[PDB]
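One chain follows as structure tokens, the form deposited in one PDB entry.
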């Protein structure tokens, strides 16, 4: 993706978007009990911790575009992945408005907590001023959609989240680019059934893990992924995507039965208009990170990409023996023969992607079930039930998380969430975690599940 045009918002009649510039993240009561190095991301230019220019840093992800046509390798990659999806009988019929907004099986209700986007944010109008869970009212919404229409600017916010020392210093904060409510709803109507099919079928047919529950899904992955693992990392995947990858996505959507008109929404993602504070800008390429379907579309594109690279480097490849699951940029894949990921990564560079084998800069030279991660988690087969696989979030990441809070009123929910991750590290690890939590008075005021209970509930869930 490439920023094509930027100017002061006022020159175009847009008011300044008044976004949060101070973090909601504060040190929790566990800040001193546990060790950590992470701190809230930089949210504003004047942050004293900056060792770089902030505005340049946050937009540095837009590395440019490769300007090329959909080539023979992409065409065959699209054909192959499209043939997999055809198995699922995805309906291209619009999802009815009530299902698309207030929840149906496979597609949770639209989040009332997130930004309603433009123009609502400039009018002080919130999602709850328009929608109502209790009523399932669509009257105000139909009104707003008629009045303001579709294809509105996306509002860019800086993500308020913990970051490493390096990322704070370099100012590499992430951006969330929020689709207008109108566009969110329209896209959920148009693609809602696709969304639903993907959510209900994580695995190697959708090639997707979006919506998965690692507690259950981790046991299925090694069954699905037969051979030698491939686990390339990307740097700045979303923003690196050039328009040709969006063209590939449109082709696959058309193969599934969507009309050219219904694929128009992909153009809204690719060639996008953003408002950031006092500025507005147009981007060519790049998946906006915060519109409807961004994770699913990112995953579909990753499925096309990896196939393309393998087809391009390994001319004798048999994609019918290839398996992959993606969650956005994150990929775990296998093939029955060793594949040189460094060759794939270099082929990727030719398509404007910045990729590195998972073993690069690590102490090992082969990706295995011992060292592979997916969704930040390791894989560890249970000692007693070897066919069951624990998703293993590093205790370090759990400790980083517990040391801060955006609101201490949620301490019980936050800490319980972390316990559900922590226990997979083993009974000893978990008991020490509990002890330290309980070493602050708040910790003894919390309902914390016992190790035996967590393990018993996990076993029974299968």
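Numbering follows the first chain given and starts at 1.
What comes next is about the form deposited with a partner chain bound, which is not displayed.
The partner is absent here, but in the deposited bound form a heavy atom of 381, alone among 381, 313, 88, 354, sits within 4.5 Å of the partner chain.
Taking 331, 389, 107, 155 one by one, only a single residue has any non-hydrogen atom within 4.5 Å of the partner chain in the deposited bound form, and it is 389.
The stretch in contact with the partner chain in the deposited bound form, judged by heavy atoms within 4.5 Å, is 390-398, chosen from 390-398, 45-53, 26-34, 404-412. Although the partner is absent here, residue 370 sits close enough that one of its heavy atoms falls within 4.5 Å of the partner chain in the deposited bound form.
Looking at residue 60, you'd find every heavy atom of it more than 4.5 angstroms from the partner chain in the deposited bound form.
For residue 65, no non-hydrogen atom is located within 4.5 Å of the partner chain in the deposited bound form, even though that partner is not displayed. Within 4.5 Å of any heavy atom of the partner chain in the deposited bound form lies no heavy atom of residue 236.
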